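Summary of the model geometry
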Amino acid sequence: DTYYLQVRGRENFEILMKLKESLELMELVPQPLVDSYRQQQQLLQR
Amino acid sequence: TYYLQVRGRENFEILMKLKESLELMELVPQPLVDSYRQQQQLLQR
Amino acid sequence: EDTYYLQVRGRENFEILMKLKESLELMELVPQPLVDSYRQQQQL
Amino acid sequence: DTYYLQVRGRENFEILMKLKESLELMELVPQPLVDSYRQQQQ
């Protein structure tokens, strides 16, 4: 279920933390918003 | 609103996934972010 | 190989994604023996 | 320094590993190639 990742460099660490945060948080978003968002993307890039 | 370009399909798909997570995150109310961030303080240094 | 674009909402988001595109694209200027050696270690 | 983070979800962990790999490898690129690449972006 849970994984451990090691990184060298503070700047790299902080960067990965921001992405870890966004990735973990989006699981608290109701699926129809997620799906709505992906529908929208289809007009925004190929 | 800003535009970036990237070489490589795999690279493109990776950036779309992160873009999604970064953009969706703003639809998460602030109290759930706080409750999430407080929790992280127990999970890594 | 091919070239794709994307749109991003937010300057913070764009700056984050730019750093990541950079590393993703720069990585291919890395000699393959150095890629293989790094992967050798990481695995252990 | 070395740092660790915990992450929930195998796919989340998988995306993050590739970005970890790319950020570390990229430190190997000689600086002139990095500067050249940046200006080319502009």
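Residues numbered from 1 in each chain as written, not as in the entry; some residues may be left out. Chains lettered and ligands numbered in written order. Heavy atoms only, no water. Residues with missing side-chain atoms left out of burial classes, pairs and counts.

What the entry reports as its method is X-ray crystallography, with 2.300 Å given for the resolution.

Chain B goes by TUMOR PROTEIN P73 in the PDB entry, where it is assigned to Homo sapiens. What the PDB record gives as the title of this entry is "Structure of the human p73 tetramerization domain (crystal form II)".

Chain A carries the name TUMOR PROTEIN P73 in the PDB entry, which gives Homo sapiens as its organism.

It is at 8 Å that the axes of helix α1 (residues 11–26) of chain C and helix α1 (residues 10–26) of chain D come closest, and there the two elements cross at 70 degrees. Of the possible angle classes, the one that applies to α1(C) and α1(D) is roughly perpendicular. The handedness of the crossing between α1(C) and α1(D) is left-handed. Within the contact between the two elements, α1(C) uses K19(C), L20(C), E22(C), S23(C), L24(C) and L26(C) and α1(D) uses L19(D), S22(D), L23(D) and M26(D). For the contact of α1(C) with α1(D), the per-class residue count stands at six nonpolar, two polar and two charged. (Axes fitted to C-alpha atoms, helices over the stretch in contact; angles between N-to-C directions. Helix = DSSP H or I, 4+ residues; strand = E, 2+ residues; numbered from the N terminus. Parallel < 35°, antiparallel > 145°, perpendicular 65-115°, else oblique. Left-handed = near helix turned anticlockwise from the far one by under 90°. Contact = heavy atoms within 4.5 Å. Nonpolar A, V, L, I, M, F, W, Y, C, P; charged D, E, K, R; others polar.)

Right, let's get into the environment of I15(D). Looking at the element boundaries, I15(D) is found in helix α1. Residue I15(D) is classed as buried on the basis of its relative accessible area of 16%. In contact with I15(D), other than residues within four places in its own chain, are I14(B), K17(B) and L18(B). (Buried < 20%, exposed > 50% of the residue type's maximum accessible area, 1.4 Å probe, protein only.)

A word on the nonpolar core. One finds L15(B), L18(B) and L19(D) to be the most contacted residues of the largest nonpolar core, which totals 38 residues. Among the elements that take part in this core, α1(D) stands out by supplying seven residues, more than any other. When neighbours within four sequence positions are excluded, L15(B) is seen to be in contact with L4(B), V6(B), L6(C), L17(C), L20(C), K21(C) and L24(C). Judged by nonpolar contacts, the second largest core, of 10 residues, contains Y37(A), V28(B), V33(B) and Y36(B). (Core = buried A, V, L, I, M, F, W, Y, C linked by side-chain atoms within 4.5 Å.)

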